[PDB]
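1. experimental structure and sequence below, a few questions after.
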Amino acid sequence: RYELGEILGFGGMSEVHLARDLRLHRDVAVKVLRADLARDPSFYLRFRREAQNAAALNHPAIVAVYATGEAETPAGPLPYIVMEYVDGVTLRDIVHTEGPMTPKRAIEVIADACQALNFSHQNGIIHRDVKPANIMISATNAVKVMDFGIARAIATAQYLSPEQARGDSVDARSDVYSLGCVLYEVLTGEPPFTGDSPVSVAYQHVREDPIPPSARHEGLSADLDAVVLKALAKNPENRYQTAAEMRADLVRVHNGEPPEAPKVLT
Ligand SMILES: Nc1ncnc2c1ncn2[C@@H]1O[C@H](COP(=O)(O)OP(=O)(O)OP(O)(O)=S)[C@H](O)[C@H]1O
Ligand SMILES: [Mn+2]
């Protein structure tokens, strides 16, 4: 049914192909598990779970999942996921090709992401992996959040929250944090913490305060600082408790209004 075509992109887990649905005549994105990882149960499982978790979401700002299955290739069974096709670019790409967005644009985009996440949080779903690569902007400039993660067991990493690097409990406020990180990098052109390993970056995430955005990049403002740093506060209790709260504050900043976030001085 699906005539696959060009490679749209590469992820740490999969190859995503543009394809044509020949029964409905629409372009779709087909996510195919990396050949070599299919043999590892943990990954096959992860892949399938994410699929079923994401199909439970239906919002204009969230990439819809349409179908599943497994191609019975000569090598073995490659599971794949059929989804709504976004013709556009991830924020990572945007940052890598065009530099930091204008404050207002950043605000608009992140605010849309908030709606996606809030809708999700309401149908009881933590994303878990909010990062620049998991948010796309369409040719027609719609924001689209994707690659929703899944509750895992217990005994990148550059946008994970503190409670994630420790083995603590995870809820909506962690999406709030990591989103904070996205906004940060998208305002300044850099992720808030960098280093020579995951470990050290994990250290920074839970130990060192971020440099205020206005202090890493020109024409930002103290109010943005406020919002960004409240989003990136270490203890979930001191952050925006909900996506909507964060969004409301972003809206305040977008207009000429002062945000409710505690103030930040340089
Ligand atoms: N719905 C889509 N429409 C168009 N391109 C897409 C779409 N989904 C993914 N891509 C592209 O293919 C990519 C990877 O998709 P992912 O779902 O993030 O794969 P992944 O294996 O989960 O990567 P991770 O985050 O390392 S596990 C890019 O970041 C894209 O440019
Ligand atoms: Mn993924």
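-> Okay, I see it. Residues are numbered from 1 along each chain as shown. Ligands and ions are numbered 1, 2, ... in the order given.
2. can you pull out the helices in the chain?
-> When assigned using DSSP state H, the helices of the chain occupy the ranges 41-54, 91-98, 103-122, 162-165, 172-188, 198-205, 222-231, 243-254.
3. now distance to ligand 1 too, for those helices, in JSON lines please.
-> The way it works is simple: take the backbone N, C-alpha and C, and place the C-beta from them, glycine included. Shown next, in JSON lines, are those (distance: least, CB to the nearest ligand atom, whole Å):
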{"stretch": "helix 41-54", "distance to ligand 1": "8"}
{"stretch": "helix 91-98", "distance to ligand 1": "7"}
{"stretch": "helix 103-122", "distance to ligand 1": "14"}
{"stretch": "helix 162-165", "distance to ligand 1": "15"}
{"stretch": "helix 172-188", "distance to ligand 1": "12"}
{"stretch": "helix 198-205", "distance to ligand 1": "14"}
{"stretch": "helix 222-231", "distance to ligand 1": "21"}
{"stretch": "helix 243-254", "distance to ligand 1": "20"}
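4. just these: most buried one?
-> helix 172-188 (a mean of 26; mean count of other CB atoms under 10 Å).
5. for that helix, which helices and strands make contact with it?
-> helix 91-98, helix 103-122, helix 162-165, helix 222-231, helix 243-254 (3 or more CB pairs under 8 Å, 6 or more residues apart in numbering; DSSP states H and E).
6. measure how far that helix is from the centre of its chain, please.
-> 9 Å (CA atoms, centre = their mean, to the nearest Å).
7. same question, stretch 17-26
-> 26 Å.
8. that stretch close to ligand 1?
-> No: using CB under 6 Å from any ligand atom, stretch 17-26 stays clear of ligand 1, with a minimum separation of 7.2 Å.
9. in that stretch, what counts as buried?
-> 17-21 (16 or more other CB atoms under 10 Å).
10. ends of it, how far apart?
-> 14 Å (CA to CA, to the nearest Å).
11. and if you look at stretch 142-152?
-> Distance across stretch 142-152, first residue to last, is 30 Å (CA to CA).
12. make 864 the first number, not 1, from now on.
-> Let's use 864 as the start, then, which means that last one is stretch 1005-1015.
13. and that stretch, what's buried?
-> So, applying 16+ other CB under 10 Å, buried residues of stretch 1005-1015: 1006-1013.
14. and stretch 1075-1084, by the same measure?
-> 1075-1077, 1079-1080, 1083.
15. equivalent analysis for stretch 946-955, please.
-> Buried-residue list, stretch 946-955, by 16+ other CB under 10 Å: 946, 948-949, 951-955.
16. what of stretch 1115-1126?
-> Buried, per 16+ other CB under 10 Å, within stretch 1115-1126: 1115-1116, 1122, 1124.
17. ok now that stretch, how far from the chain's centre?
-> Here stretch 1115-1126 is found 24 Å from its chain centre; the criterion is CA atoms, centre = their mean.
18. quick one: contacts for residue 878?
-> 870, 894-895, 897 (CB atoms under 8 Å, 6 or more residues apart in numbering).
19. how near is the residue located most distally from the centre of the chain to residue 898?
-> Distance to the chain centre peaks in the chain at residue 937, reaching 34.3 Å (criterion: CA atoms, centre = their mean). Residue 937 sits 11 Å away from residue 898, going by CB to CB, to the nearest Å.
20. once you drop chain neighbours, what's closest to the residue nearest the centre of the chain?
-> The residue lying closest to the centre of the chain (CA atoms, centre = their mean) is residue 993, at 2.7 Å. Nearest non-adjacent residue to residue 993, counting by CB to CB, 6 or more residues apart in numbering: residue 1041, 4.0 Å away.
21. now do the contacts for the residue of the stretch 964-1113 of the chain found nearest ligand 1.
-> Closest residue of the stretch 964-1113 of the chain to ligand 1, CB to the nearest ligand atom: residue 1010 (3.8 Å). For residue 1010, the contact set (CB under 8 Å, 6+ apart) comprises 874, 913, 992, 996-997.
22. give me that answer again for 7 Å
-> Going by CB atoms under 7 Å, 6 or more residues apart in numbering, residue 1010 touches 992, 997.
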